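Each remark here refers to the structure printed beneath this line.
Within every chain, numbering begins at 1; the chains are lettered A, B, ... in the order of the sequence lines, protein sequences first and strands thereafter. FYI, side chains are in, hydrogens and waters are out, and symmetry mates aren't considered; it's all heavy atoms of this structure.
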Amino acid sequence: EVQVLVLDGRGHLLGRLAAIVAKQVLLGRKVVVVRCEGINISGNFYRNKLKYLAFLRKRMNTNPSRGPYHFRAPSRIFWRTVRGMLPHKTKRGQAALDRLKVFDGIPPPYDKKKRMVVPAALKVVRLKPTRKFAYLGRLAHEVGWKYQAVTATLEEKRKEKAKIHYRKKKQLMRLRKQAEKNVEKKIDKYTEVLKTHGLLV
Amino acid sequence: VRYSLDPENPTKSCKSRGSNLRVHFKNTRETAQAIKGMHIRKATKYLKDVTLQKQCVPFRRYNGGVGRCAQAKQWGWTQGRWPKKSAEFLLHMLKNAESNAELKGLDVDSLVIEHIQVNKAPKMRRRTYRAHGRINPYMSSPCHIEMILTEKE
Amino acid sequence: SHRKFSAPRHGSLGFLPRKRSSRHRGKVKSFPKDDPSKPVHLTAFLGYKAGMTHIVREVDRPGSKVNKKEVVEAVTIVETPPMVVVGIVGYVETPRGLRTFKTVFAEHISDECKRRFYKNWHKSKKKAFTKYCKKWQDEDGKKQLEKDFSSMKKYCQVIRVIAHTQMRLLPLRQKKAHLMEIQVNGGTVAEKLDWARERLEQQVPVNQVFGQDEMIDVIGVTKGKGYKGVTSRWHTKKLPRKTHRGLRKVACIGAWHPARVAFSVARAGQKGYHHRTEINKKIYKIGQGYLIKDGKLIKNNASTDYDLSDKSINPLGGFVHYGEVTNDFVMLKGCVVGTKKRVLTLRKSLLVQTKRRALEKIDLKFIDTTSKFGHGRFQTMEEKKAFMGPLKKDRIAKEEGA
RNA sequence: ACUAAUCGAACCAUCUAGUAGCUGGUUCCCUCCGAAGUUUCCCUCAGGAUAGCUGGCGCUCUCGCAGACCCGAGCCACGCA
RNA sequence: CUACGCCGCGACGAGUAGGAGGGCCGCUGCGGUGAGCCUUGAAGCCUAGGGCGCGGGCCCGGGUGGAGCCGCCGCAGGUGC
RNA sequence: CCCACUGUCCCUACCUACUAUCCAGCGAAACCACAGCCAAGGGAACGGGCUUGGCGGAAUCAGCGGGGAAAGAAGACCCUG
RNA sequence: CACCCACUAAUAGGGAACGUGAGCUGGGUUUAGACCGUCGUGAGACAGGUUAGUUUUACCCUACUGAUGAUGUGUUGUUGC
RNA sequence: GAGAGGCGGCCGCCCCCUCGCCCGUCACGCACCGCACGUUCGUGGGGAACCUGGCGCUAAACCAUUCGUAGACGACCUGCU
Ligand SMILES: [Mg+2]
Ligand SMILES: [Mg+2]
Ligand SMILES: [Mg+2]
Ligand SMILES: [Mg+2]
Ligand SMILES: [Mg+2]
Ligand SMILES: [Mg+2]
Ligand SMILES: [Mg+2]
Ligand SMILES: [Mg+2]
Ligand SMILES: [Mg+2]
Ligand SMILES: [Mg+2]
Ligand SMILES: [Mg+2]
Ligand SMILES: [Mg+2]
Ligand SMILES: [Mg+2]
Ligand SMILES: [Mg+2]
Ligand SMILES: [Mg+2]
Ligand SMILES: [Mg+2]
Ligand SMILES: [Mg+2]
Ligand SMILES: [Mg+2]
Ligand SMILES: [Mg+2]
Ligand SMILES: [Mg+2]
Ligand SMILES: [Mg+2]
Ligand SMILES: [Mg+2]
């Protein structure tokens with residue numbers, strides 16, 4: 001689609017969401033993934049930490065400054081996963097990669113916007129409830145990410161502000177329902193039309 | 001004689017030429033590229049400075065092993081040198097072209113080097129002697145130079 | 001095949017970019033962790049390596065062979081004229097790191113401080129901060145400054161002060177002052193902002209930042225040695241005399257595979273002029289500097305409780321390659337990176353000093369002031385005159401003096 | 001060892017374009033067909049002859065050549081695999 | 001309906017070494033032939049020019065050049081990198 | 001083997017001359033399919049190119065000796081003729 | 001490889017073209033001189049001993065070491081993450 | 001509103017129309033004679049230049065010189081009514 005797709009990273013499985021995002025950006029679509037520290041990875045935490053440590057061991061023995069660049073932020077980890085699912089060595093793949101934006105937490109551009117969810121990548125439906133999983137934020141913190149605490153604090157501030165905004169919206173919706181109950185003699189004429197044609201149960 | 005890039009108006013323009021001049025082709029090419037587009041007074045004083053090692057010519061294409069200097073930062077370059085012989089040869093050619101402009105009766109305070117070209121001349125053979133009874137060439141690399149000056153102000 | 005005998009590696013891989021330091025001053029790179037419980041204080045200072053000398057003191061280390069015994073210990077003199085505070089920076093913590101939030105500069109920035117902003121002060125019009133300093137006078141600029149201070153108070157987590165050294169009080173050629181951000185620690189952001197705003201345009205002496213017999217970190221750039229080979233750079237073994245193409249080399253720079261030269265192989269290049277941080281440098285003395293109350297005072301520099309000699313820290317004939325020290329100085333213990341008159345950063349220790357090496361009281365008995373420009377053998381001018389008596393030039397001056 | 005920078009047989013010219021079962025190379029297009037590294041013999045085993053596999057040239061025959069548009073009016077070619 | 005021509009129908013199309021066919025593919029010279037071309041510009045060479053052929057290659061435009069050259073039927077090679 | 005002697009060494013440092021270095025002038029040769037960043041895979045069983053990944057930022061200077069199974073010679077060892 | 005002396009917390013085992021010769025060295029093996037023993041009639045031979053016996057080139061690309069710089073923010077500087 | 005605030009909301013004054021939202025009455029507009037790229041963001045981004053008014057500014061960098069906390073050369077630290 002022509003607008004920017006904003007996806008909440010919390011509760012999503014890493015590879016599923018990354019595959020969906022890769023296929024989206026390959027179709028000429030702008031995708032923004034926020035709160036990449038909430039991304040889950042299937043399998044217990046120690047196993048995934050071992051996987052990332054084994055990745056850390058892969059470095060160029062001659063000159064490690066040329067070797068694989070092990071990114072420690074959850075956003076950059078998800079970005080590297082998506083890049084792994086993209087043909088990033090061609091112009092088309094690089095152009096698709098430039099359409100993807102990843103963030104830890106939710107920045108000011110996107111904290112005032114509705115966030116989509118991919119059910120096909122959600123942990124609650126793609127994973128059995130008895131299975132174990134790891135948080136990308138905790139894994140990133142314990143492998144070298146430095147900004148877990150400041151991200152948590154800023155997320156708490158954002159959640160407080162969102163709670164205030166939601167209380168205002170609930171008050172507005174209550175007042176709207178009261179208004180609808182106030183005007184029913186001058187509204188039932190159109191209300192019955194909407195009821196007749198499937199809208200407005 | 002036939003030049004390359006004949007002037008768009010050969011009445012505001014004067015020409016100069018040299019053939020089989022005993023200067024190195026690479027240094028002369030770099031110096032000519034340095035002075036190309038300059039006003040004639042600016043080019044003359046710049047060549048005098050190059051002789052006096054107060055301004056350098058940037059060595060851009062023939063720069064293998066050319067050392068770095070602080071005066072190359074005047075240009076967008078790192079390498080530069082001070083070819084005295086090329087500077088003197090281009091100074092003589094500039095004086096010849098200015099005399100031609102005087103002969104054509106157009107004032108020499110508005111001339112700009114619009115065209116300058118260095119071409120390889122036929123090489124001249126000398127001989128050097130090597131370790132095990134071997135002979136190696138000791139060629140020279142002269143050059144043909146042409147320039148066209150044009151009135152504009 | 002393995003190497004036949006084991007041997008430890010030459011050099012450290014923790015300092016691998018063995019390159020000329022990108023800076024000359026030497027930046028802190030880590031300030032002490034801030035806790036609001038402590039009083040508001042500065043964490044760093046800028047000094048200049050005047051030179052070295054040695055002291056005599058009695059050691060108070062029980063159970064040691066030098067317990068209640070005299071020792072001679074080399075000390076480094078770092079001249080520290082008071083820093084002048086000219087600005088305040090606020091930082092905000094982001095998930096991408098600290099970022100600069102807002103910088104406010106004081107009015108009447110000193111002339112030597114303004115020299116830092118110009119490559120060529122000789123040709124400059126001296127225009128820096130001229131329009132900025134006019135906003136400290138009008139009401140509009142003052143209101144904007146108050147809003148900036150409020151933004152720092154409510155949004156910033158750590159604040160730092162821009163302080164500069166006083167070139168005019170040093171015997172060096174350089175008149176360009178050294179700027180530096182010094183972190184303010186120990187309180188709420190509001191308290192440290194109030195403290196810093198009071199300290200604007202003011203001079204902060206070194207005795208307010210550091211105390212007696214505390215161990216601090218010294219940050220600076222070492223002495224440059226130019227382009228050096230592996231024997232001088234990495235201290236590898238010299239090859240035998242029978243070696244054909246040179247013996248000051250490394251014989252094998254790698255195996256056939258991995259078919260490349262590893263980054264861990266000793267190779268020739270730049271040596272020296274590296275940025276280095278050394279911790280645990282005890283402060284044996286904080287000199288008081290020269291005063292004029294009725295006459296010039298120099299005694300507070302090298303006279304101790306056991307010497308009582310009216311002499312200064314300046315050696316006979318002056319500090320070699322530095323000049324004369326007349327300001328506050330800090331007497332560190334041991335050696336310090338850098339040449340003479342090299343700018344050094346003194347930083348509060350990041351650790352907690354609980355060993356008995358630390359927190360040990362230092363009481364000097366003697367400070368050596370013999371001439372370092374040779375084998376000096378007289379502490380003072382007066383002692384040398386009293387020993388050698390009159391000379392020929394004294395006689396020829398005294399005949400003219402009648 | 002040395003015998004003109006040449007020596008376990010100098011240099012120069014000629015026989016001489018010496019011989020080589022061994023190495024290297026071997027020059028335009030399209031179309032059609034299209035392999036063998038196996039048999040026997042050879043002082044033969046990095047090669048030949050020989051049979052086999054291939055191509056080209058044919059020749060001797062076989063079914064009829066069908067209705068000028070159209071419309072067959074038990075028995076359906078030599079022989080071969 | 002250039003009978004060495006034209007037309008119809010059906011099946012098929014890999015290819016090294018190798019064999020054969022066709023070449024209105026190409027080079028040089030000779031016998032014939034084109035009442036052929038040419039100082040109102042030959043050969044040669046250059047070309048972001050127009051095309052033809054599966055291809056080997058070929059024709060035409062523009063420039064340069066300044067005295068020779070080509071098509072068809074046969075003939076003969078020191079004939080294609 | 002011993003005495004003496006010493007930078008052979010422990011364990012390296014400094015100094016001097018000429019270079020190397022930069023500049024003005026002058027100015028080669030070797031070598032060169034194309035080129036030149038890696039890991040693994042498979043492959044004529046040790047890739048610069050291919051596959052999969054890691055990744056990749058103009059132009060350069062002084063060094064350097066890991067690679068180019070670097071260059072130098074149609075292997076002198078072994079076998080065949 | 002081995003063995004012994006001594007110290008030591010310990011004196012573990014190995015790979016990287018049996019890592020590493022345009023890094024060295026040349027003691028060994030493995031040219032041409034020579035001696036001995038055995039073998040052979042002899043020329044001569046001997047994983048038998050012994051002695052003397054030229055160790056060539058980097059200035060190329062990459063790798064690595066350091067040194068200038070380059071992309072973008074209008075220019076330019078300071079302080080910084 | 002500071003996490004990348006590049007945004008959002010509320011007041012006082014002045015000036016408009018009582019139109020704009022729904023159901024109706026009333027007729028008209030190029031009705032371009034079947035046809036595509038129509039319809040927005042958009043007064044789009046970027047670059048030179050002309051005219052038009054107002055409000056404002058009058059600087060640095062590099063070379064040359066100097067240093068020697070530096071240094072192969074560049075680079076770096078410095079100084080210059
Ligand atoms: Mg080179
Ligand atoms: Mg010679
Ligand atoms: Mg000779
Ligand atoms: Mg071991
Ligand atoms: Mg030797
Ligand atoms: Mg001394
Ligand atoms: Mg063969
Ligand atoms: Mg075929
Ligand atoms: Mg021939
Ligand atoms: Mg030919
Ligand atoms: Mg590889
Ligand atoms: Mg051979
Ligand atoms: Mg041979
Ligand atoms: Mg080996
Ligand atoms: Mg080697
Ligand atoms: Mg060798
Ligand atoms: Mg030997
Ligand atoms: Mg021998
Ligand atoms: Mg016998
Ligand atoms: Mg014996
Ligand atoms: Mg000998
Ligand atoms: Mg060189």
Side-chain angles (χ1 to χ4, degrees), chain A residues 58 60 62-63 66-69 89 105-109 111-112 150-151 154 158 190, chain B residues 24 53-55 60 63 65-74 77-79 81-85 128 130 134 136-140, chain C residues 1-2 18-20 24 27 87 89 91-101 103 116-125 127-128 151 155 162 173-176 179-181 221 223-224 226-227 231 238-247 249-263 265-270 273 338-343:
Chain A
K58 319 269 194 277
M60 183 175 175
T62 295
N63 198 1
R66 300 174 83 126
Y69 299 120
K89 279 181 177 182
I106 311 177
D111 56 351
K112 306 282 184 40
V150 62
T151 312
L154 292 170
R158 181 197 70 78
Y190 322 104
Chain B
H24 284 177
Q53 303 219 25
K54 297 294 183 182
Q55 291 187 250
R60 304 179 173 270
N63 60 343
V66 176
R68 291 96 69 86
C69 52
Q71 299 159 25
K73 302 191 291 209
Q74 296 293 27
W77 215 236
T78 303
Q79 287 163 290
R81 265 185 190 168
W82 302 268
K84 185 180 288 183
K85 209 188 254 193
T128 193
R130 317 302 307 252
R134 296 167 45 239
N136 281 170
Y138 212 68
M139 298 296 173
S140 67
Chain C
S1 51
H2 69 90
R18 202 68 73 87
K19 60 171 282 180
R20 290 193 214 128
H24 185 77
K27 74 181 305 296
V89 176
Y91 288 88
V92 64
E93 273 152 36
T94 67
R96 294 182 295 183
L98 274 176
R99 70 164 275 267
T100 312
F101 180 72
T103 308
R116 171 61 47 184
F117 311 132
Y118 290 109
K119 292 292 168 187
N120 203 326
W121 175 263
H122 164 62
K123 294 177 185 289
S124 169
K125 294 292 187 292
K127 290 302 293 296
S151 299
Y155 284 129
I162 300 97
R173 184 180 179 180
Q174 158 167 349
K175 296 155 175 177
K176 182 146 87 178
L179 282 171
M180 179 180 173
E181 273 175 23
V221 182
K223 310 209 309 184
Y227 198 86
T231 306
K238 274 176 47 165
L239 302 185
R241 169 205 77 74
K242 289 175 62 128
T243 317
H244 173 209
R245 261 169 284 254
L247 58 86
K249 298 164 145 192
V250 163
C252 179
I253 59 156
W256 193 318
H257 284 93
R260 278 170 315 285
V261 186
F263 76 118
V265 171
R267 287 171 83 73
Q270 171 73 20
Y273 208 71
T339 73
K340 307 308 195 269
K341 61 203 173 262
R342 155 80 40 81
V343 54

Filtered N/O pairs between nucleotides 5-7 of chain H and protein, under 3.5 Å:
{"unit_1": "H/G5", "atom_1": "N2", "unit_2": "C/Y155", "atom_2": "OH", "d": "2.7"}

Quiz item: Can you tell me the Watson-Crick or wobble partner of F/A59, both distances under 3.5 angstrom?
Solution: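 Per the H-bond distance test, G/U68.
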Exercise. Looking only at side-chain atoms of A/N63, point me to the closest of F/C64, F/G27, G/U65.
Key: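 Selected nucleotide (nearest to the side chain): G/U65.
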Exercise. Would you mind telling me which of G/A63, H/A59, F/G25 lies closest to the side-chain atoms of C/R267?
Key: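 For the C/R267 side chain, the nearest candidate turns out to be G/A63.
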Please report the distance, rounded to the nearest Å, between [atom1] in [X] and [atom2] in [N].
X	N	atom1	atom2	value
B/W82	F/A24	CH2	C1'	11 Å
B/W77	F/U60	CH2	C1'	8 Å
C/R245	G/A22	CZ	P	8 Å

For nucleotides 41-48 of chain F, list the nitrogen or oxygen atoms of the protein found under 3.5 Å from its nitrogen or oxygen atoms, one pair per line.
none

Could I get the full list of side-chain contact (heavy atoms from CB on, under 4.5 Å) partners for [X], not counting sequence neighbours?
X	value
B/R60	B/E30, B/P58, B/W75, B/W77
B/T78	B/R68
C/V261	C/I253, C/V265, C/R267

Pairwise N/O distances under 3.5 Å, protein to nucleotides 10-12 of chain G:
none

